[PDB]
Amino acid sequence: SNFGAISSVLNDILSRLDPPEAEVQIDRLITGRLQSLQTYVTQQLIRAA
Amino acid sequence: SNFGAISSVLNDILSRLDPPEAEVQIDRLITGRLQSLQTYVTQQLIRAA
Amino acid sequence: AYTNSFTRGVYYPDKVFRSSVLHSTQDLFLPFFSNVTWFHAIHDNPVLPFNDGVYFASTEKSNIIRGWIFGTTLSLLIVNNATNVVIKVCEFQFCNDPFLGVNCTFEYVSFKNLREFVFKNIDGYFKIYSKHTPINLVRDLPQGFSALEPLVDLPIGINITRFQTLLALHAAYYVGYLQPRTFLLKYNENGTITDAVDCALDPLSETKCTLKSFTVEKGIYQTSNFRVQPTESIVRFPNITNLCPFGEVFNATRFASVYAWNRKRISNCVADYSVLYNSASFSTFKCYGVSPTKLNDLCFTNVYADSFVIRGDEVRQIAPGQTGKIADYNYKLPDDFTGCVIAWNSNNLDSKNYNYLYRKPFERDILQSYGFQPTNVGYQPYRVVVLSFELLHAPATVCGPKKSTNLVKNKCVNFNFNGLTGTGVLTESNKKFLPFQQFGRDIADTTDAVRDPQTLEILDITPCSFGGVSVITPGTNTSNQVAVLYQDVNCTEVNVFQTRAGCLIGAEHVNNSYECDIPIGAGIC
Amino acid sequence: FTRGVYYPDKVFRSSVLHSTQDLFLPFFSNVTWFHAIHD
Amino acid sequence: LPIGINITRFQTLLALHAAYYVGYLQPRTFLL
Amino acid sequence: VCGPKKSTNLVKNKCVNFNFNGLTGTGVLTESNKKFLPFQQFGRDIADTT
Amino acid sequence: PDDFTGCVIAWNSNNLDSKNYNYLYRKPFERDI
Amino acid sequence: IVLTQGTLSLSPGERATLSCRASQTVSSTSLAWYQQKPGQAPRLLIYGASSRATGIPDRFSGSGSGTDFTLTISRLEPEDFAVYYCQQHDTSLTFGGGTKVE
Amino acid sequence: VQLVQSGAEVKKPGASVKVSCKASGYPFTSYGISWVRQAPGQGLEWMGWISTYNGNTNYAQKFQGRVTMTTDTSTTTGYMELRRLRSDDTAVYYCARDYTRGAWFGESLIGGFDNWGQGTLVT
Ligand SMILES: *[C@@H]1O[C@H](CO[C@@H]2O[C@@H](C)[C@@H](O)[C@@H](O)[C@@H]2O)[C@@H](O[C@@H]2O[C@H](CO)[C@@H](O[C@@H]3O[C@H](CO[C@H]4O[C@H](CO)[C@@H](O)[C@H](O)[C@@H]4O)[C@@H](O)[C@H](O[C@H]4O[C@H](CO)[C@@H](O)[C@H](O)[C@@H]4O)[C@@H]3O)[C@H](O)[C@H]2NC(C)=O)[C@H](O)[C@H]1NC(C)=O
Ligand SMILES: *[C@@H]1O[C@H](CO)[C@@H](O)[C@H](O)[C@H]1NC(C)=O
Ligand SMILES: *[C@@H]1O[C@H](CO)[C@@H](O)[C@H](O)[C@H]1NC(C)=O
Ligand SMILES: *[C@@H]1O[C@H](CO)[C@@H](O)[C@H](O)[C@H]1NC(C)=O
Ligand SMILES: *[C@@H]1O[C@H](CO)[C@@H](O)[C@H](O)[C@H]1NC(C)=O
Ligand SMILES: *[C@@H]1O[C@H](CO)[C@@H](O)[C@H](O)[C@H]1NC(C)=O
Ligand SMILES: *[C@@H]1O[C@H](CO)[C@@H](O)[C@H](O)[C@H]1NC(C)=O
Ligand SMILES: *[C@@H]1O[C@H](CO)[C@@H](O)[C@H](O)[C@H]1NC(C)=O
Ligand SMILES: *[C@@H]1O[C@H](CO)[C@@H](O)[C@H](O)[C@H]1NC(C)=O
Ligand SMILES: *[C@@H]1O[C@H](CO)[C@@H](O)[C@H](O)[C@H]1NC(C)=O
Ligand SMILES: *[C@@H]1O[C@H](CO)[C@@H](O)[C@H](O)[C@H]1NC(C)=O
Numbered sequence: 002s003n004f005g006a007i008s009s010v011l012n013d014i015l016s017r018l019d020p021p022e023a024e025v026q027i028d029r030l031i032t033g034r035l036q037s038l039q040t041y042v043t044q045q046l047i048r049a050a
Numbered sequence: 002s003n004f005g006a007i008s009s010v011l012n013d014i015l016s017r018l019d020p021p022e023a024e025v026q027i028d029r030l031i032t033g034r035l036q037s038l039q040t041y042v043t044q045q046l047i048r049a050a
Numbered sequence: 039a040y041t042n043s044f045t046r047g048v049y050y051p052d053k054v055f056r057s058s059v060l061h062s063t064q065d066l067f068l069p070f071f072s073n074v075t076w077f078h079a080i081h082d083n084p085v086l087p088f089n090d091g092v093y094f095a096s097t098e099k100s101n102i103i104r105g106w107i108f109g110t111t112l113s114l115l116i117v118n119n120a121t122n123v124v125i126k127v128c129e130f131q132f133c134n135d136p137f138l139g140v141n142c143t144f145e146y147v148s149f150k151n152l153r154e155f156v157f158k159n160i161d162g163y164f165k166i167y168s169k170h171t172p173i174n175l176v177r178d179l180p181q182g183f184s185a186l187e188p189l190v191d192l193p194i195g196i197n198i199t200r201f202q203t204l205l206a207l208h209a210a211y212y213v214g215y216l217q218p219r220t221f222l223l224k225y226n227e228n229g230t231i232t233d234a235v236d237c238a239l240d241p242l243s244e245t246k247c248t249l250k251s252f253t254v255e256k257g258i259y260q261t262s263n264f265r266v267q268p269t270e271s272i273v274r275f276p277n278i279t280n281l282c283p284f285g286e287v288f289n290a291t292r293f294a295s296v297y298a299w300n301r302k303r304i305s306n307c308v309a310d311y312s313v314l315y316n317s318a319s320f321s322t323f324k325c326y327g328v329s330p331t332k333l334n335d336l337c338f339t340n341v342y343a344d345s346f347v348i349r350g351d352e353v354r355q356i357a358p359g360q361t362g363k364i365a366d367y368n369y370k371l372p373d374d375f376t377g378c379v380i381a382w383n384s385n386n387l388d389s390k391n392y393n394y395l396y397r398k399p400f401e402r403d404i405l406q407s408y409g410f411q412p413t414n415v416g417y418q419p420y421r422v423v424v425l426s427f428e429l430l431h432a433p434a435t436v437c438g439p440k441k442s443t444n445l446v447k448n449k450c451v452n453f454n455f456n457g458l459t460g461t462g463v464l465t466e467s468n469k470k471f472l473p474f475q476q477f478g479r480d481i482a483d484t485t486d487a488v489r490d491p492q493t494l495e496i497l498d499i500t501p502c503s504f505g506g507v508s509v510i511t512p513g514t515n516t517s518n519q520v521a522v523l524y525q526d527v528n529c530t531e532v533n534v535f536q537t538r539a540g541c542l543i544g545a546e547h548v549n550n551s552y553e554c555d556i557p558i559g560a561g562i563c
Numbered sequence: 018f019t020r021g022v023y024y025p026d027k028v029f030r031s032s033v034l035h036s037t038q039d040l041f042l043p044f045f046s047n048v049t050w051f052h053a054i055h056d
Numbered sequence: 368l369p370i371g372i373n374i375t376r377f378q379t380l381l382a383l384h385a386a387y388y389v390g391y392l393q394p395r396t397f398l399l
Numbered sequence: 007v008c009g010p011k012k013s014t015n016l017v018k019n020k021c022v023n024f025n026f027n028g029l030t031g032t033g034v035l036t037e038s039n040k041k042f043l044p045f046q047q048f049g050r051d052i053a054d055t056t
Numbered sequence: 146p147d148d149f150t151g152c153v154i155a156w157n158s159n160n161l162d163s164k165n166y167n168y169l170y171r172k173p174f175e176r177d178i
Numbered sequence: 083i084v085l086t087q088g089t090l091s092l093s094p095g096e097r098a099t100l101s102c103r104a105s106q107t108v109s110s111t112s113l114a115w116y117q118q119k120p121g122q123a124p125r126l127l128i129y130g131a132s133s134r135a136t137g138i139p140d141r142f143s144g145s146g147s148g149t150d151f152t153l154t155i156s157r158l159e160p161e162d163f164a165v166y167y168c169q170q171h172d173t174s175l176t177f178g179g180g181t182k183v184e
Numbered sequence: 002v003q004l005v006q007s008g009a010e011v012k013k014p015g016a017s018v019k020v021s022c023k024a025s026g027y028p029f030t031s032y033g034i035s036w037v038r039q040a041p042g043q044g045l046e047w048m049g050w051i052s053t054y055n056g057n058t059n060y061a062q063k064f065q066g067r068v069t070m071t072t073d074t075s076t077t078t079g080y081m082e083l084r085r086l087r088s089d090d091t092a093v094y095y096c097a098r099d100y101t102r103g104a105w106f107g108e109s110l111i112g113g114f115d116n117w118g119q120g121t122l123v124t
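Here it is, written out as structure tokens:
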């Protein structure tokens, strides 16, 4: 998933944009992927219960 | 934690930036800190169970 | 001669007071138990590397060691002669073997003893930390711990690659090097650092840093992750010797009208974009797709150059998200357009001139004239070329002048296939790609396999071996001996016991079973 | 019937069910039948 | 073909001295 | 290097709005038995607050 | 530095410096002579 | 499009003007000037009517429009005693007669 | 960049001459090859232009049907064959690197005959 990013692939962002712009696209993926892990873990904790 | 903000300290953002820019830096801290409380509370609710 | 630095080379990382706390920080510190060179002043002023920063220590009786020279060719001169400390950054003439007796950008003027220093150069600032303490020892550096305090910070902008010491002639010294290691610093009740953990010294230190504690309870802890590193890189592009005719687009005698713009196809060529970016002839060079300096690393299945003439005030319309007389009726770009819009003033080329006319994305719908005159800026003619990039992971035909390498298989490598990069092992594949398929993809949309850019064969990409790393330890109240488990890996790239849980190193394999104490997994404790 | 499907892009895939939206002939659609006899 | 052409209608071509079928595409989702 | 901001006296054992070299917050200023190093102007807690 | 803290202030000196070839050009805060 | 340009007598250090006229108007961006020393191949000095070619001294400059263009040399050098040619290349390829500078 | 050519030759009327050119210091397929002749006592005459990329060749009307041009990118060379020679054809034949017409597209460019070789005399 892109989560608003120009690409869901991290290496494709890094190989295309300079840091002043790449960091923004990366933050979009970090928020989505960190949120995905939090969702996953919460579900694993409830399922574990 | 900064969460992308120029400072993790709210007073340091407010004392350095005018509102048109300070509000952006603050929103970054609000999202991170609100998310932190949500994570904390979810863990407290599951632990409470 | 060499000695053991033990736990020396720690300093207060900043200017903040802390107490009763364990603080984790990453900075340039001397690695614990590092190998430092031992120099003497008996019966010795070599030029030494500076690298990323230098740890210096000395033991004195008669204050023989008085200064240092820092620079490249050997310039920063620091000398403590009597009570007057002198710091200069001047074009001083030095001897082949400078010594003391018993154009400037900066200037400042102010065994029984151990003197410790830290010299590091960050963003032009030469930062000096120091500590003095009494000793009673001739043979070698005393064993013990103390943290150094910042004393001097010189705003010089000096390039330091080497340094030389200064001795007074009618006192041993030690030289080590700093590394960007993480340390856990222990601050006591009075805010003094009394201890420290070097987080990259050994697996027990890793456990102490992970748990943020100087005491580790009995058990198994996951502290890190093992990753096999690449040994060499692979750069693959089609072996094309023809260069792309960008000159024929930008240096063209005539450009088309905006209502009837030209479209030149660029393919099967070497695309050097450094000329277009670096050229000062352009009034604007705005990229919406990729940064202009990444154009020679990444490459395209195709490039199209849309060539036409507009007014200067119409330049702003050639962009995604824009509307207007040109954007809606003459030349429309996709709002998801990938490419670069390049334009320049053509007032001395086109102006006299009513031969230029104006009226979906990339629509050429075949009516008013422009009045271009040499005395008109907003109404002067501009030549605009839009380079549309098809950067979809299809077979590439338009790639920059990137030096290629050979192909290395069955090893961990850093690869680049037509601009697509990653780290992994390249192996033989039994997969067959269709004639138009250059790359394959997995469920995560990562590259599964590729067709080699030069050779029509399929390579599978198997990312380099990795897994969690767990430290197995008795409580530190009994023993500091540890064993390490490398999870879900073979005893290959990593008193070794191979288990289903991974490769266990340091634990003895015993035939006798016992009730489980510290569990590892798969029946092993 | 089930005619009018094509590979939506230029990416190799195998042993997978892939969901994509593109311009395809609807299944069991009504198509006009032309002849070149005796158009 | 990188043309920039407006297509609203089309016509077929036969050689004269062979049946054919014409359908229309729709933006439907398919599981492939 | 500080601007021409008018100073005030120091008030202790009361709830005050303070400004120390540009660092601000609200709290009570009390006597301390802590000793800062010669180069340390501020101390910090676990939350990175003063 | 890309994390630079500070202000960049500039003004036209056409009536101060221009005539003038005494001005020359070639890491952060590096002064490479 | 036929171009017309016989001998220019000037001392070293003097300014030279070399003219070229076209029977028809030509593109202002399609004029080139060449310099040919005796026994040597011609070399390109000015292109696009006014742009200076790579490796060419700043003493050379061109300008013009329509059917009337010139090449000027701010100061003649002993090395400029060559025949200069004008070239028209928007519509086919034509060279002028050539102007000899002494 | 440098261009070199064949030596001088003497031909009788009705004969043909194969004039060769070799070049280096640049991407061969990015620039065309232009041929210019200069008869003794005369100015410069354009003979033709050939694309090193696709064979697209233009000729002066004077030499249409008389001259055949060809290139070989593997040796970085070009050739100009002038058939059915006359004494009227005496000239030095110059080979030049061309940026007057696009090697790939055949369109006019802003530039000229940018790098000339020594030239070869054919009697
Ligand atoms: C559109 O055409 C422009 C002009 O093209 C030239 O002139 C025409 C008539 C033909 O002869 C054609 O073949 C010529 O190339 C073209 O601009 C040119 O671009 C090139 C490539 O960037 C430039 O070459 C570099 O020159 C500098 C030195 O420049 C100084 O000296 C010259 C002396 O004449 C002055 O005119 C300048 O103003 C400067 O004072 C070199 O330092 C540089 O070397 C580096 O790059 C090469 C690459 O091969 C490396 O090998 C080296 O090691 C270095 O890393 C280049 O040699 C050329 O100067 C420039 N000419 C002009 C007049 O501006 C433009 O790029 C074309 N547009 C497109 C899209 O192609
Ligand atoms: C330092 O390295 C040298 C060379 O390998 C070795 O001989 C010496 O014993 C080492 N010293 C210490 C303290 O590790
Ligand atoms: C120390 O050296 C400086 C020159 O660097 C000299 O000017 C100064 O007088 C010296 N001080 C003493 C006490 O000799
Ligand atoms: C001082 O630096 C300038 C830099 O322009 C140099 O020209 C001059 O020769 C230098 N003087 C000495 C004594 O090194
Ligand atoms: C703090 O300093 C006092 C002396 O003022 C000393 O007695 C005490 O032991 C010190 N505390 C620590 C932890 O060293
Ligand atoms: C294509 O032609 C039709 C008329 O047949 C017209 O209505 C439509 O707007 C045209 N499309 C474009 C993109 O101009
Ligand atoms: C790479 O070079 C080989 C010859 O060694 C050639 O057969 C192959 O087709 C080339 N590949 C490409 C993509 O041009
Ligand atoms: C742990 O170590 C301390 C210090 O040596 C000792 O006093 C204590 O008895 C030890 N505890 C155990 C359980 O061994
Ligand atoms: C490790 O590799 C060897 C081959 O070198 C193989 O025989 C063995 O079974 C492998 N073990 C594991 C756990 O993969
Ligand atoms: C266990 O005993 C067998 C002999 O019965 C021996 O071959 C094997 O190496 C022993 N393994 C260990 C871990 O002692
Ligand atoms: C410092 O000098 C070295 C040569 O000794 C050079 O390679 C390096 O690039 C220089 N550093 C800077 C920042 O210029």
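Chains as they are written, first to last, in the working numbering: chain A, 2 to 50; chain B, 2 to 50; chain C, 39 to 563; chain D, 18 to 56; chain E, 368 to 399; chain F, 7 to 56; chain G, 146 to 178; chain H, 83 to 184; chain I, 2 to 124. Note that beta-carbon positions come from the ideal geometry of N, C-alpha and C, so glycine has one too.
Between residue i and chain C, is any beta-carbon pair separated by less than 8 Å?
i       : result
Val28/D : yes
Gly49/F : yes
Would you say residue i faces chain F, with C-beta separation under 8 Å as the test?
i       : result
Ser16/B : yes
Taking only beta-carbon positions, decide if residue i is within less than 8 Å of chain I.
i             : result
residue 190/H : Outside the shown range of chain H (83 to 184) lies residue 190/H, about which nothing can therefore be said.
Answer with yes or no whether the minimum CB distance from residue i to chain D is below 8 Å.
i        : result
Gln378/E : no
Below 8 Å on the Cβ atoms is my guess for residue i versus residue j; work out the distance and round it to an integer in Å.
i        : j        : result
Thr443/C : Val273/C : 5 Å
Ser110/H : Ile83/H  : 14 Å between Cβ atoms; not a contact.
Comparing the C-beta of residue i with each C-beta of chain A, is any distance below 8 Å?
i        : result
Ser271/C : no
Every unbroken beta strand (DSSP E) inside the region 252–277 of chain C [3 residues or more]: 257–265 and 270–274
Residues with C-beta closer than 6 Å to any heavy atom of ligand 5, in chain order: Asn226/C, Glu227/C and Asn228/C
Residues passing the C-beta test against ligand 4 heavy atoms, cut-off 5 Å: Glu129/C and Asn141/C
Touching by the beta-carbon criterion (3+ pairs, under 8 Å), the region 81–92 of chain C and the region 192–201 of chain C: Cβ pair count under 8 Å is three or more, so yes.
Segment contact flag, the region 528–539 of chain C with the region 276–286 of chain C, C-beta cutoff 8 Å, min 3 pairs: No: fewer than three Cβ pairs fall under 8 Å.
Lining residues of ligand 3 - beta-carbon closer than 5 Å to any non-hydrogen atom, in sequence order: The set of residues with a C-beta under 5 Å from any non-hydrogen atom of ligand 3 comprises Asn119/C, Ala120/C, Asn122/C and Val124/C, given in chain order.
Environment of ligand 10 in chain order, Cβ to heavy atom below 7 Å: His547/C, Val548/C and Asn549/C
Meets three-Cβ-pair contact criterion under 8 Å: the region 256–264 of chain C and the region 504–512 of chain C: yes
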